[PDB]
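Ideal geometry is used to build each Cβ from the backbone, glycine not excepted, and the neighbour counts take in all protein chains shown. What follows is calculated from the coordinates using simple rules that are stated; it is not laboratory data.
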Amino acid sequence: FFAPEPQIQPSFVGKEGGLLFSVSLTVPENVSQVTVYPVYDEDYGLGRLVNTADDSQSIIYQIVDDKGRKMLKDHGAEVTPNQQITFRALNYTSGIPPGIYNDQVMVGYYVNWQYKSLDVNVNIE
């Protein structure tokens, strides 16, 4: 098992359901399932992006696969080794100042599950 670093792609957002960022990766050998999930609320698959320059500005989000299914710990997308797959962070905030927003998410690979943390630092404008 070896997992290349997943790549974060910014989006060019304030609508409920709007794309905030994406995570793309190549499925390793011997892996049949991959999840990318936030850990703000791990049980319900919710993340919290925070503005690095302003504590008081956050965006709640969920991460979905290419069929729009929310990803959770130990429950991701079924995949084939060597395919490229993309996950999308979608705004779940009801009711956004431009800046740089941060969160940490997790990537799980079903080989047993192997986990790797992923830092997210993205422009949202």
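Computed quantities for the displayed model
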{"item": "For the chain, alpha-carbon Rg over 2.2 N^0.38 Å", "result": "1.02"}
{"item": "Packing-based exposure ordering (other Cβ within 10 Å, fewest first) of 71, 106", "result": "106, 71"}
{"item": "Part-to-part distance (alpha-carbon centres) for the range 89-115 and the range 10-56, which is given in Å", "result": "2"}
